[PDB]
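Residue strings, one per chain:
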Amino acid sequence: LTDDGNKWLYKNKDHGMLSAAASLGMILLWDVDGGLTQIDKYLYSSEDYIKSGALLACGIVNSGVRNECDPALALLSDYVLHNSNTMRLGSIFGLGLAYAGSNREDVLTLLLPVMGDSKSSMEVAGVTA
Amino acid sequence: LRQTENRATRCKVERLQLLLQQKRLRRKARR
């Protein structure tokens, strides 16, 4: 991915793509700024799965590191309650694994409201849980 | 449509990038 790029995040045949992009996040783990750079290269894709994977990648990058700014919060909150259960399904999980030990009320105040709404599958509800 | 959302994400990315840059700059300023 790093280097050539755009090759093992494509030809992954639809749904697997959502995780392939997340792989980037796990390579740039604990590296918020480098995360930002490489992920943002891939955070703007014509197909939903890439954007979901990039959001999950941001969550992974911010996992375990308590940045004073909240990159995960901003980027992934823009896409929580999105009109698609695939950007929701990566942003919710990214926030979950980005602010795990945090116990912050401001992220739960954004997550709890999404388990209940007509526009949420069991997948989205379970990932919010 | 999705393009406005992309623009907003662009702006968020840029703001956070500058914020982290100054964060690390002032962190280095003591170290």
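Above: the structure in question.
Residues numbered from 1 in each chain as written, not as in the entry; some residues may be left out. Chains lettered and ligands numbered in written order. Part of a larger assembly, values for the part shown. Heavy atoms only, no water.

*Asks:* I keep staring at the layout of surface pockets and nothing clicks. Help me out?
*Replies:* The rolling of a water-molecule-sized probe over the atoms marks out the regions of remaining empty space. Here the largest pocket defines a volume of roughly 230 Å³. Around the largest pocket, the lining comprises 17 residues; the ones closest to its centre are A:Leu95, A:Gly96, A:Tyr99, A:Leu108 and A:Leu111. Those elements that provide at least two residues to the lining of the largest pocket are α5 (88-98), α6 (105-111) and α7 (122-128) of chain A. If one sorts the elements of the lining of the largest pocket by residue count, α5(A) sits on top with four residues. Each residue belonging to the lining of the largest pocket can be placed in one class, and the counts come to twelve nonpolar, four polar and one charged. In this model, the second largest pocket occupies a volume close to 180 Å³. Around the second largest pocket, the lining residues are A:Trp30, A:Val32, A:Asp33, A:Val65, A:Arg66, A:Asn67, B:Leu20, B:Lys23, B:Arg24 and B:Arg27. Contributing elements (two or more residues each) for the lining of the second largest pocket: α2 (32-42) of chain A together with α1 (2-28) of chain B. With four residues, α1(B) is the single largest residue contributor to the lining of the second largest pocket. (1 Å grid on protein atoms, 1.4 Å probe; cavity = no way out; pocket = protein on both sides within 12 Å on 5 of 7 lines; lining within 4 Å. Points joined across faces, edges and corners; volume = space filled by probe spheres on them. Helix = DSSP H or I, 4+ residues; strand = E, 2+ residues; numbered from the N terminus. Nonpolar A, V, L, I, M, F, W, Y, C, P; charged D, E, K, R; others polar.)

*Asks:* Before we go on, may I ask you to explain the interface of chain B and chain A in this structure?
*Replies:* Interfaces are often described in size by the accessible area the parts lose on coming together. Contact with chain B, which involves 15 residues of that partner, is made by 20 residues of chain A. Across the chain B to chain A interface the summed buried area is about 1,600 Å²; carbon plus sulfur atoms make up 57%. The interface formed by chain B and chain A holds two salt bridges in total. Between chain B and chain A we count ten residue pairs in polar contact in total. (Contact = heavy atoms within 4.5 Å. Buried area = accessible area lost by both parts, 1.4 Å probe. Salt bridge = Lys/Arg side-chain N within 4 Å of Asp/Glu carboxyl O. Polar contact = N/O pair within 3.5 Å; in protein donor to acceptor, adjacent residues only side chain to side chain.)

No statement about biological role is implied by the geometric values presented.
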